[PDB]
Structures are given as C-alpha cells and as structure tokens.
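First up is the structure itself, then whatever we jot down about it.
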Amino acid sequence: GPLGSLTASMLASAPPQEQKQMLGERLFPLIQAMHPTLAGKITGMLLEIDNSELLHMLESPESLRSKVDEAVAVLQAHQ
Amino acid sequence: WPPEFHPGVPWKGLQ
C-alpha cells in the first residue's frame, strides 16, 4: 500500500530526526526509480537541506528531478 | 559524504 500523504503541518509536528525519516521514505523510492545504484547516496545528500524545500520537491516532480541531477553530477565528479 | 538513506532504517544524518 502507498505511504500516507505528508503535509507541512504534519511534518512540523514531528521531532527533527522523524521529519527527515518522513521525507526520506518518500524521496527514496522516486530517486531510486531514477538512479537505482546511487539512490541511497543521493537521498542522504538531499536530506541535508531544508525540510520545507524537500516537501516542495515531493510536490513537484520537476523540482525533485533538478535536485537529483545536481546531486548526481556532484557524486559522479567525486567517483 | 552524508550518510546514505535506507528505507525503513533510521537515518543517521540527524538523530
């Protein structure tokens, strides 16, 4: 079954580690669809940034793709 | 450089 919908007010009520977990559980599968091997690394990189921006990325496929693309470029240069 | 995220495992990047 699908994970539940995440809103700003819901996210805001949770402890800091829990907010990152809420965001990560939703980001990971979408990122993994794009980059099966780097998914874990990409997701951890993205979780470094602000939760309200991460929530926006979850609400806008275009926004998530753009961020993923930058993270991959960075990882590929390092590897 | 940040810890990888693994579904269903507590992320160690902030805890």
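Chains A and B, in that order, give the protein sequences. Sequential numbering of the first sequence, starting at 1, is according to my numbering. Sequential numbering of the second sequence, starting at 1, is according to my numbering. Using N, Cα and C, we set each Cβ at its ideal position, and we do this for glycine too.
Item to check | Contacts around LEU23/A, its chain only, beta-carbon distance under 6 angstroms, and the 5 residues preceding and following it disregarded | outcome: Within the first sequence, the letter at position 23 stands for residue 23/A. Beyond the five residues adjoining it in sequence on each side, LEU23/A comes within less than 6 angstroms, by CB distance, of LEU54 in the same chain, given in chain order.
Checklist entry - With a CB to CB cut of under 7 angstroms and the five nearest residues on each side skipped, what residues in its chain are close to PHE28/A? => result Walking along the first sequence from the start, residue 28/A turns up at place 28. Cβ contact annotation for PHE28/A (same chain, cutoff 7 angstroms, sequence separation greater than five): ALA39, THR43, in chain order.
Checklist entry - Under 8 angstroms between C-beta atoms, does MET45/A make it to chain B? => result Along the first sequence, one-based indexing puts residue 45/A at 45. It does: the Cβ of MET45/A has a partner Cβ on chain B nearer than 8 angstroms.
Next on the checklist: Using only the alpha-carbon positions, how far apart do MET57/A and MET45/A sit?
Outcome noted: The residue given as residue 57/A occupies position 57 in the first sequence. The residue given as residue 45/A occupies position 45 in the first sequence. So the two alpha carbons sit approximately 14 angstroms from each other.
Item to check | Cβ neighbours of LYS41/A in the same chain (closer than 7 angstroms, five flanking residues each side left out) | outcome: Stepping through the first sequence from its first residue, residue 41/A is reached at position 41. The beta carbon of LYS41/A is closer than 7 angstroms to those of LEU75 in its chain, skipping five residues each way along the sequence.
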